[PDB]
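S.K.:
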Amino acid sequence: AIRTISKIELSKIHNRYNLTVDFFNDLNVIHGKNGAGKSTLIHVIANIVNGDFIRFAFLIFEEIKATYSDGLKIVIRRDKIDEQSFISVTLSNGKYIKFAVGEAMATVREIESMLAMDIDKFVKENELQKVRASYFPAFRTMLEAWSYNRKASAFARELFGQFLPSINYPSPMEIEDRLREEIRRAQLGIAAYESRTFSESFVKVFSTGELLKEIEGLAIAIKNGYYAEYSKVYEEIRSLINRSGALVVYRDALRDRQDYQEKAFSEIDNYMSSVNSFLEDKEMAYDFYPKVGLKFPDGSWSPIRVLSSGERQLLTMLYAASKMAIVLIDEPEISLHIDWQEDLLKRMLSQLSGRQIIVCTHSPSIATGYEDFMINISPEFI
Amino acid sequence: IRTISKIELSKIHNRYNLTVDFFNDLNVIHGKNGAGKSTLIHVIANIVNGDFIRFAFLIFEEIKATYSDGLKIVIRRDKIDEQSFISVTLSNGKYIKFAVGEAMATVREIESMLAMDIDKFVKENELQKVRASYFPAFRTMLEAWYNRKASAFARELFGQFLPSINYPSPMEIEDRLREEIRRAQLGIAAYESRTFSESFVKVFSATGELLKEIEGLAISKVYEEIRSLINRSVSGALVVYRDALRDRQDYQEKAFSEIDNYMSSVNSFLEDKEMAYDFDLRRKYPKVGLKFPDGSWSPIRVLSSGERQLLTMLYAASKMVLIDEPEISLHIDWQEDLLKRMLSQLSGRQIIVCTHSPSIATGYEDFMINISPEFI
């Protein structure tokens with residue numbers, strides 16, 4: 001990210017309490033018991049950072065101040081004139097926009113667009129959408145229930161109010177299709193690099209025993225291509241090896257084929273290693289059309305339906321951490337054993353580097369090893 | 383009361399064997415995820431609560447269920463002529479057998495001879511004396527979508543072995559509480575008219591300290607006129623008046639007692655916020671929601687997932703047992719006090735809970751049975 005959040009001041013939100021939280025540029029582990037408005041704070045941040053300030057028309061507040069790292073100040077006030085409420089979003093740059101709450105309510109019931117275009121023009125001419133924040137809700141089981149889905153945003157705004165931001169989160173029943181599509185697409189990518197290597201190596205060939213030994217070693221080196229005819233041309237190459245400059249060209253082509261073979265599947269092998277780091281006595285893999293699922297040391301195969309809520313939380317969180325700015329995670333301790341809660345932040349900090357990772361947990365087991373980042377929330381009741 | 387004593391699963395999913403001995407009450411199973419805690423709970427809910435046809439969707443070898451009185455149920459899945467048959471053999475009773483594919487076709491028909499056969503088999507042997515309630519660990523999904531389609535919805539993504547899902551969601555318990563308040567208001571109004579007609583008949587049929595106590599105890603607005611008249615042999619009937627007023631007060635308390643206990647249960651956990659009901663100034667339509675110490679009111683949608691788990695767990699425990707993962711989205715103090723709050727409201731039944739966090743099992747460490755799958 002660039003404009004990291006430094007300090008957010010919420011005054012009289014829901015007419016109950018005032019809250020001012022200072023954030024670092026790094027990890028932000030907010031620890032506090034339920035009812036602290038942590039979820040609200042996350043929705044406020046996700047409705048400020050991602051340019052969706054129109055959702056603030058559905059929120060009851062007095063004064064909301066958001067300060068970034070570079071020095072941009074956003075002051076939001078809810079003032080009503082002649083029985084009609086107007087939200088004033090005043091930036092530190094000089095410009096300020098104001099709009100009626102009822103106009104935004106009418107626009108939302110229209111979606112069931114002038115103000116939407118006005119908000120888009122305001123955030124585009126002021127460049128308020130430089131950093132996009134990803135929202136990980138604490139109700140991802142509900143996203144599994146209506147199995148990224150786009151109607152889930154409307155369902156969650158239906159039963160949690162219209163202040164809720166856009167919901168883009170992957171279900172267990174969508175990541176199976178996503179993984180199958182990515183594996184077949186990577187196999188097709190391997191086949192296209194085979195055909196490009198054939199045409200380029202034809203042109204290059206048209207223009208020692210160690211090179212022959214290297215070709216014999218590289219002939220043996222699942223990762224089989226989709227176009228099996230090229231696997232049969234490779235079988236014929238191995239059969240010919242069993243039976244100068246052009247040999248160097250052949251060796252370079254085989255080495256580039258092996259390197260692209262590793263590089264096409266490296267992203268999914270990283271995700272599989274990230275999953276299998278937690279899991280014990282059970283491996284998630286892509287044994288063979290691609291089949292994706294669990295494997296056991298007995299050699300038995302099993303569908304992804306045997307997985308527990310804990311393992312489902314790990315799948316839905318590690319896939320949505322690899323496929324990534326500012327990352328906001330709500331309740332990562334759900335249905336997890338204490339050791340996985342201990343190692344979850346270290347695994348996600350190993351896979352998500354270079355971004356502002358804000359997490360909100362109720363269990364302190366999540367915040368081991370990062371106790372200096374533990375910002376304790378406290379509601380200052382009005 | 384045939385409480386579960388010992389469950390022996392042999393080669394469940396053709397993976398592992400498990401034999402667990404259960405107490406008569408408060409079976410707090412503690413173990414880390416992936417141990418099939420939910421599995422065993424579904425097995426118990428498909429044995430105790432009837433509905434053995436779901437066992438046709440399960441791959442197993444031998445399942446033995448022992449109750450407290452001594453009833454043994456042996457379920458086996460045996461295939462001979464390339465068709466699997468489920469053999470439900472009871473202790474000292476008749477045994478029933480059926481094809482797996484026939485039961486699958488019977489279930490797919492709902493998408494009934496075998497269903498009637500299973501119902502007759504479990505009815506003639508009296509296997510439904512004690513019913514076990516299933517509290518799923520995915521009750522947020524029940525909030526997402528009593529209700530009968532929710533069972534099929536959950537069986538869609540958890541398999542057809544999953545038992546019947548009967549669990550109340552938020553925004554449905556609000557309707558249940560409002561309906562109960564409306565029913566209590568109609569009950570009070572009918573008891574007013576019944577008390578008026580009965581006291582009319584009894585006064586027509588027939589000390590000053592008792593009259594003073596009756597005047598003090600007086601609190602639609604006929605009681606206000608009675609108190610105004612009291613402020614300004616035969617007197618036995620006056621004693622009847624005091625008794626009638628006292629009986630009215632007693633019925634009034636009982637009318638709200640069923641909901642006030644649940645409100646107290648809510649107010650046992652919740653801090654700096656009270657959940658209560660109020661009536662309108664014009665139509666007396668009940669609103670149920672929060673009451674802040676500032677006097678401000680708010681709907682039940684401001685409540686957090688934690689408080690919603692507390693709402694869904696304190697309700698349907700009073701309306702009475704297998705609970706799956708009661709530690710979800712809960713504070714450590716709430717995990718400490720949840721079993722202590724629920725044991726007063728759920729006493730007298732076998733309460734089986736399965737938790738991943740040992741904080742739930744504080745104060746009941748003698749009941750902590752650690753599950754361990756013995757892989758074949």
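Protein chains in written order, with the numbering used here: chain U, 1 to 382; chain Z, 383 to 758. C-beta atoms are modelled at their ideal positions from N, C-alpha and C, and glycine is treated no differently.
(1) Going by C-alpha distance, which of U:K263, U:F381 and U:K346 is nearest U:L27?
(2) Which full runs of the alpha helix (DSSP H) of 4+ residues lie inside the stretch 114-178 of chain U, going along the chain?
(3) Is it true that the CB of Z:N406 sits closer than 8 Å to the CB of Z:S473?
(4) Does DSSP put U:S363 in a helix, in a strand, or in coil?
(5) Ignoring anything shorter than 3 residues or poking outside the stretch 433-499 of chain Z, list the beta strand (DSSP E) runs there in chain order.
(6) So what's U:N18 in DSSP terms, helix, strand or just coil?
(7) Taking Cβ positions only, does U:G225 come closer than 8 Å to chain Z?
(8) For the beta strand (DSSP E) that U:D298 lies in, which residues bound it at each end?
(9) Please tell me whether, using a cut-off of 7 Å, the distance from the CB of Z:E562 to the nearest non-hydrogen atom of the ligand MN is below it.
(10) Give the straight-line distance between the Cα atoms of Z:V430 and Z:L559, rounded to the nearest whole angstrom.
(11) Where does the unbroken alpha helix (DSSP H) through U:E280 begin, and where does it stop?
(12) Residue range of the alpha helix (DSSP H) that Z:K419 falls in?
(13) Look up U:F202 in the DSSP assignment and say whether it is helix, strand or coil.
(14) What first and last residue would you give for the beta strand (DSSP E) that runs through U:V292?
(15) Taking the alpha-carbon positions, what's the Z:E595 to Z:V703 distance?
(16) On the DSSP bridge assignment, give the partners of U:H31 in chain order.
(17) Expressed to the nearest angstrom, what Euclidean distance is found between the alpha-carbon atoms of Z:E709 and Z:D719?
(18) Taking C-beta pairs closer than 7 Å, name the residues in chain Z that U:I167 reaches, listed in chain order.
(19) Output, in chain order, the set of chain Z residues within a Cβ distance shorter than 7 Å of U:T316.
(20) Taking DSSP's pairing of strands, which residues face Z:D625 in a bridge?
(21) If you reduce the DSSP assignment to three classes, tell me which class U:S350 lands in.
(22) So which residues of chain Z does U:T141 contact, with C-beta pairs closer than 8 Å?
(23) Below 8 Å, how does it come out for the stretch 722-740 of chain Z and the stretch 410-428 of chain Z: are there three or more Cβ pairs, yes or no?
(24) Name the chain U residues whose beta carbon is nearer than 8 Å to that of Z:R683?
(25) Is the Cβ of Z:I500 closer than 8 Å to any Cβ of chain U?
(26) Between the stretch 101-112 of chain U and the stretch 292-307 of chain U, do three or more beta carbon pairs fall short of 8 Å?
(27) How big is the Cα-Cα spacing for U:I183 and U:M317?
(28) Grab me the residues of Z:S647's own chain with a C-beta within less than 8 Å of its C-beta, minus the 5 sequence neighbours each way, in chain order.
(29) State the Cα-Cα distance for the pair U:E174 and Z:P518, rounded to the nearest angstrom.
(30) Within a Cβ cutoff of 6 Å, which residues of the same chain sit near U:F160, ignoring the five residues on either side of it in sequence?
(31) U:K95 to U:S113, Cα distance in whole Å?
(32) Check for me: the beta strand (DSSP E) holding U:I326 runs from which residue to which?
(33) Could you say which of U:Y135, U:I60, U:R109 and U:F58 lies nearest to U:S39 if we only look at CA atoms?
(34) Kindly indicate which residue of Z:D499, Z:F434, Z:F651 and Z:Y667 has the alpha-carbon position closest to the one of Z:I714.
(35) Using a Cβ-Cβ distance under 8 Å, would U:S378 count as near chain Z?
(36) Just the Cα atoms here: how many angstroms apart are Z:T488 and U:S153?
M.R.: From the atom records:
(1) When each option's Cα is compared against that of U:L27, the closest is U:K346.
(2) The qualifying runs are 114-125, 140-145 and 151-160.
(3) A distance of 8 Å or more separates the beta carbons of Z:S473 and Z:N406.
(4) Reduced to three states, the DSSP call for U:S363 is coil.
(5) Scanning the stretch 433-499 of chain Z from its first residue to its last, the whole beta strand (DSSP E) runs of 3-plus residues come out as 444-449, 454-461, 466-472 and 477-481.
(6) When secondary structure is reduced to three states using DSSP, U:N18 falls in the strand class.
(7) No, no contact with chain Z.
(8) In the DSSP assignment, U:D298 falls outside any beta strand (DSSP E), carrying neither H nor E.
(9) Ligands are entirely absent from the displayed structure, and the ligand MN is therefore not among its contents.
(10) Roughly 30 Å between the two C-alpha positions.
(11) Looking at the DSSP string, U:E280 is not in any alpha helix (DSSP H), and its letter there is neither H nor E.
(12) First-last of the alpha helix (DSSP H) with Z:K419: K419 to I429.
(13) In the structure shown, U:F202 falls within a helical segment according to DSSP collapsed to helix, strand and coil.
(14) Where U:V292 is concerned, there is no enclosing beta strand (DSSP E), given that its DSSP letter is neither H nor E.
(15) Here the alpha carbons of Z:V703 and Z:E595 stand approximately 47 Å from one another.
(16) DSSP lists U:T361 and U:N376 as the beta-bridge partner residues of U:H31.
(17) If you take the alpha carbons of Z:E709 and Z:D719, they lie about 11 Å apart.
(18) Within 7 Å Cβ-Cβ: nothing; U:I167 doesn't reach chain Z, min ~12 Å.
(19) Near U:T316 there are no residues of chain Z at all, since even the closest Cβ is about 13 Å away, more than 7 Å.
(20) Looking at the DSSP assignment, Z:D625 forms no beta bridge with any residue, so it has no partner.
(21) In the three-state reduction of the DSSP assignment, U:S350 falls in the helix class, which pools H, G and I.
(22) Against chain Z, the beta carbon of U:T141 has neighbours under 8 Å at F520, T522, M523 and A526, listed in chain order.
(23) The stretch 722-740 of chain Z, when compared against the stretch 410-428 of chain Z, does touch it at the 8 Å Cβ threshold.
(24) Those within 8 Å of Z:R683 in chain U are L159, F160 and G161.
(25) Residue-level contact check: Z:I500 does not touch chain U, since none of the beta carbons of chain U fall below 8 Å from its beta carbon.
(26) By the Cβ test, the stretch 101-112 of chain U is not in contact with the stretch 292-307 of chain U, since fewer than three Cβ pairs between them sit closer than 8 Å.
(27) Distance between the alpha carbons of U:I183 and U:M317: 20 Å.
(28) Contacts found: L696, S700, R723 and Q727.
(29) A direct Cα-Cα distance of roughly 23 Å separates U:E174 from Z:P518.
(30) Short of 6 Å from the beta carbon of U:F160, and not among the five residues preceding or following it, lies no beta carbon of its own chain.
(31) Cα-Cα distance, rounded: 22 Å.
(32) Segment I326 to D330, the beta strand (DSSP E) holding U:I326.
(33) Closest by alpha carbon: U:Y135.
(34) When Z:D499, Z:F434, Z:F651 and Z:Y667 are compared, the shortest CA-CA separation from Z:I714 is found for Z:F651.
(35) Not an interface residue.
(36) Their backbone Cα atoms lie some 37 Å apart in a straight line.
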